[PDB]
């Protein structure tokens, strides 16, 4: 058993460490949208020196368990954390806003303890404006925390289903292309500052 799925990237991490620490490496942590980003446009990551560490179906608890191996040990300059909303889908009745939010705080604090800059992101489903309440309440709580602690963040807007989404939840390839320009702006500002 390997509940956190540290196995998923363990060999890939080994191959990275063998190739030497890298300037301005950015790690993307997240669930299926982050996983699907690499699947849909691997060259965006490879060309930019970005490392995708997304795993579909996972919660912020899994992210916290993988954080040291899949982020800290890669010695990145910056980590993009897409976490929060997916716990509501995945945990359904057991979702607890305090626990999810606390996992995000924990990863921010681990990143900062290791001199890794942070961008928090969220991909807000279109029909989020049943779980609307939980999604908005969590996103607003993260926004307030981000402002109070000067954490840059990016709220990707998913249109109503559109050449950018089929279901109003997940990006198409074209939807990923427009998320790329936006996240790059955020990253290059954070790395330059």
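Numbering follows the first chain given and starts at 1.
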Practice problem: Quick one: classify how much of the deposited chain lacks coordinates between residue 147 and residue 148, choosing none, 1 to 3, 4 to 9, or 10 or more. | Solution: none
Exercise. Note how many residues of the deposited chain are left out of the model between residue 129 and residue 130; the options are none, 1 to 3, 4 to 9, and 10 or more.
Key: 4 to 9
Self-check item: Per the entry, higher mean C-alpha B factor between 106-114 and 93-101
Solution: 93-101
Practice problem: May I ask you to compare 120-128 and 40-48 by their mean CA B factor in the entry and name the higher one? | Solution: 120-128
Exercise. Go through 163, 58, 139, 34 one by one and give the residue whose Cα B-factor in the PDB entry is largest.
Key: 163
Quiz prompt | Within-chain third of residue 22 by Cα B-factor, per the entry | solution = highest
Quiz prompt | Chain-relative CA temperature factor third for residue 30 | solution = lowest
Practice problem: Could you tell me which third, lowest, middle or highest, the C-alpha B-factor of residue 64 occupies within its chain? | Solution: lowest
Self-check item: residue 167 by Cα B-factor - lowest, middle or highest third of the modelled chain
Solution: highest
Quiz item: By the record's CA B-factor, is residue 70 among the lowest, middle or highest third of residues in the chain?
Solution: lowest
